[PDB]
There are 2 protein chains.
Amino acid sequence: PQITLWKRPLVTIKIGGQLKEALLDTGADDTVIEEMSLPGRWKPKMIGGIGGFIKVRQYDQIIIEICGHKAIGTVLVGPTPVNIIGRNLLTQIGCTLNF
Amino acid sequence: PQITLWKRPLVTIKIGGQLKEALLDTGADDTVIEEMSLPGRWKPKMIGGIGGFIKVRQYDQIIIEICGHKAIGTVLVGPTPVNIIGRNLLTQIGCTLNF
Ligand SMILES: CC(C)(C)[C@@H]1Cc2cc(F)ccc2S(=O)(=O)N(C[C@@H](O)[C@H](Cc2ccccc2)NC(=O)O[C@H]2CCOC2)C1
Ligand SMILES: [Cl-]
Ligand SMILES: [Cl-]
Ligand SMILES: [Cl-]
């Protein structure tokens, strides 16, 4: 698809069998999801945003469907205001910026 | 152009007669630039993201040249860690997400 930016680029994602709404975010290096349960071990990570840093849990090799495209990669879980699909997964679905 | 997302989508912009590096950010509703002087009136605003909120100065009807494309709109100025080109100006240059 071609997504214009007059509205937030929100899409449906599927993770852990649950449908959620997430933002396709070219300004985010990483993918960060609101609190949920994910399988396996997690590692600590600090991520910096507009107002400073938040502590998140890093889960690797997580299966996530984004707007119907399958991705498998790192998902961070923490106190984010919105579910964010960052560049680590936008590259897996073949996303580019065009003008 | 077509910009891939293996690295941060950083571009040169010209604003208030100055050249700066900025991130093309589909996840940002607004354009936020590091501290600089801009002409005209401003009003205070709070913008939120990962890590909480920052106070910024809102300048309206500001011209920015982004990759050689001229665009006019609201520019927020404040203590952002990175210069961000948000949707308000990405739409003006005809930027879309494609996959
Ligand atoms: C959350 C929300 C509400 C959608 C925020 C929306 C938002 C809306 C605005 F009008 C103005 C600013 C911002 S924001 O700028 O706050 N932001 C945009 C986001 O792309 C950000 C850019 C950025 C800011 C500072 C440093 C580096 C990059 N990346 C980010 O937090 O990456 C983190 C997130 C995961 O990867 C690293 C997220
Ligand atoms: Cl990844
Ligand atoms: Cl605007
Ligand atoms: Cl359009």
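The sequence lines fix the lettering, A, B, ..., with proteins before strands; numbering per chain opens at 1. Values below: every heavy atom of this structure, side chains too, minus hydrogens, waters and symmetry copies.
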### Message
Can you tell whether the side chains of A:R87 and A:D30 come within less than 4.0 Å, N to carboxylate O?
### Response
no
### Task
Report the C-alpha separation of B:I15 and B:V75 in whole Å, then their side-chain angles, then the decisive distance to 0.1 Å, and conclude whether the side chain to side chain contact (heavy atoms under 4.5 Å, CB included) test is met.
CA-CA 10 Å; B:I15 180 172; B:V75 172; 3.8 Å; yes
### Task
Please answer: with hydrophobic residues joined when any side-chain heavy atoms are less than 4.5 Å apart, are A:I13 and B:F99 in the same cluster?
yes
### Task
Give, for atom CG of B:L76 and atom NZ of B:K43, the distance between the pair rounded to the nearest 0.5 Å.
10.5 Å
### Query
Going through the distances and angles, do B:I50 and A:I84 end up as a side chain to side chain contact (heavy atoms under 4.5 Å, CB included)?
CA-CA 10 Å; B:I50 272 175; A:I84 293 162; 3.8 Å; yes
### Query
Can A:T96 and B:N98 be counted as having a side-chain donor-acceptor contact under 3.5 angstrom?
no
## Note on the structure
A:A71 and A:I66 have their tightest heavy-atom pair at CB-CD1, 4.1 Å
### Query
For A:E65, does the CD atom sit with more than 12 other heavy atoms under 6.0 Å from it, leaving out its own atoms?
yes
### Query
Would a 4.5 Å heavy-atom cut-off, applied to side chains only, mark B:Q92 and B:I64 as touching?
no
### Query
For A:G27, does its backbone N or O pair with a side-chain atom of B:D25 as donor and acceptor, under 3.5 Å?
yes
### Message
I'd like to know if B:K20 pairs up with B:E34 as an ion pair, taking the criterion as any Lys NZ or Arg NE/NH1/NH2 lying under 4.0 Å from an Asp or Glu carboxylate oxygen.
### Response
yes
### Message
For A:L89 versus A:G73, what's the shortest heavy-atom pair and its separation?
### Response
CD2-CA, 4.1 Å
### Summary
Between A:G51 and B:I54 the two heavy atoms that sit nearest each other are CA-CG2, 4.0 Å
### Evaluation steps, side chain to side chain contact (heavy atoms under 4.5 Å, CB included), between B:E21 and B:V11
CA-CA 6 Å; B:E21 291 300 288; B:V11 300; over 6 Å; no
### Validation row: B:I47, B:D29 side chains within 4.5 angstrom (heavy atoms)
no
### Query
Would A:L10 and A:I33 show up in the same hydrophobic cluster when neighbours are defined by side-chain heavy atoms closer than 4.5 Å?
no
### Query
So, B:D60 versus B:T74: side-chain donor-acceptor pair below 3.5 Å or not?
yes
### Query
Any side-chain heavy-atom pair from A:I85 and A:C95 closer than 4.5 angstrom?
no
#### Entry: B:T31 and B:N88: side chain donor to acceptor below 3.5 Å
yes
### Backbone of A:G17 reached by a side-chain donor or acceptor of A:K14 within 3.5 Å
no
### Task
Please work out whether the ring planes of A:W42 and A:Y59 are parallel, tilted or perpendicular, with thresholds of 30° and 60°.
tilted
#### Entry: Flag side-chain contact, heavy atom, 4.5 Å: A:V77 against A:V32
no
### Query
Can you find a pair of side-chain heavy atoms, one from B:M36 and one from B:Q18, that are under 4.5 Å apart?
yes
### Query
Of the non-hydrogen atoms in B:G78 and B:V56, which two are nearest, and what is the gap between them?
CA-CG1, 4.0 Å
### Query
Under a 4.5 Å cut-off applied to non-hydrogen side-chain atoms, are A:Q58 and A:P44 in contact?
no
### Message
Salt bridge check, A:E35 against A:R57: does any charged N sit closer than 4.0 Å to a carboxylate O?
### Response
yes
### Message
Are there over 12 heavy-atom neighbours, none belonging to A:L38, within less than 6.0 Å of that residue's CG?
### Response
yes
#### Entry: Derivation of the side chain to side chain contact (heavy atoms under 4.5 Å, CB included) call for A:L5 and B:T26
CA-CA 7 Å; A:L5 298 170; B:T26 62; 3.8 Å; yes
### Query
For A:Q61, does the CD atom have more than 12 heavy-atom neighbours from other residues, nucleotides or ligands under 6.0 Å away?
no
#### Entry: Min side-chain heavy-atom separation B:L24-B:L90 under 4.5 Å
yes
### Task
Please report the shortest heavy-atom distance between B:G49 and A:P81, naming the atom on each side.
O-CG, 3.8 Å
